[PDB]
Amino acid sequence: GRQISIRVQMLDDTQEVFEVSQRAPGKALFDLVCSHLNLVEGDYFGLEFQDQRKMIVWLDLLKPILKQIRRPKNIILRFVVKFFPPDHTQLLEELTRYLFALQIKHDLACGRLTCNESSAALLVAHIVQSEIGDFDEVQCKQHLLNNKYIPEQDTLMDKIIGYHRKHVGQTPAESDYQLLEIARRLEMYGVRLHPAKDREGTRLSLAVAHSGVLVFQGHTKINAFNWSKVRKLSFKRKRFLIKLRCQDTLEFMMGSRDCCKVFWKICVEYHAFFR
């Protein structure tokens, strides 16, 4: 039950080091990171890391820390959004919105968030507005060459300039709000994909949202199974099972027995968070 030190990385590319008991629940560490950030609406967030199997796993806030930690000297947890709500104007804390805008900033660069060209330009133009202020032909075009917010940004540079000339006078807090309003309508918003194959042997991807379970081909949404139309979620070894209310039980082959367990957990945790 001794104390250990854990290095947590924040959404602003900074890192801190906290000290928690080994036998303490994950919630204890999660509380320290929230109070360090003065995060009042921390319910939307979580701590994720890569395990020994090199797959990114959430930190169980109910289980002990030493159960899910291996070498706290080498592992870096990262504070990330865990649940993306549908309504965005209700996020009371301006800081809470700010961490979300940072989150979208990250997903935009990783490729976890893709969208239409004009949408992507507008989303960047708000990020630029929040960071360097009002438009300036000299400063802006320079700033887009020193900072790459989306892959293949150079081809999209002219459109970002146009949108930036419109955001004049908007504060960074006003820009984060515009980020969320424009990002929350995106097909890939808050979407973290789990690869799978149907009985047809078709390479697809499954995900979960506030509305329910999602099915993607590449990055295009295929089906949506709302919680109202989802009877039971199950998994056997390397096959996922979705029972509907009753059509049939759609089977999905996934990568490993752990992949099913991971997706199964976040499906229950998503429904339990919105119902």
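Residue positions are given as counts along the sequence shown, with the first one as 1.
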For this session: Count up the deposited residues without coordinates from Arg245 to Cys246 and drop the result into none, 1 to 3, 4 to 9, or 10 or more.
Result: 4 to 9
Exercise. Out of 218-226 and 41-49, which one has CA B-factors that are higher on average in the deposited record?
Worked result: 218-226
For this session: Quick one: say whether 254-262 or 20-28 has the higher mean Cα B-factor in the deposited entry.
Result: 254-262
Problem set entry | Residue with maximal Cα B-factor (values as given in the PDB entry) among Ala173, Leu92, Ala101, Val124 | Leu92
For this session: Would you mind checking which of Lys73, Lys82, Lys159, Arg185 has the top Cα temperature factor in the PDB entry?
Result: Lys73
For this session: Sort the modelled residues of this chain by their C-alpha B factor and say whether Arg275 lands in the lowest, middle or highest third.
Result: highest
Exercise. Looking at the C-alpha B-factor of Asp107, is it in the lowest, middle or highest third of its chain?
Worked result: lowest
Seminar exercise, completed: Binned into thirds over the chain's modelled residues, the C-alpha B-factor of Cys140 lands in the middle
Exercise. Is the Cα B-factor recorded for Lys148 in the lowest, middle or highest third of its chain?
Worked result: middle
Exercise. Among the chain's modelled residues, which third holds the C-alpha B-factor of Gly169?
Worked result: middle
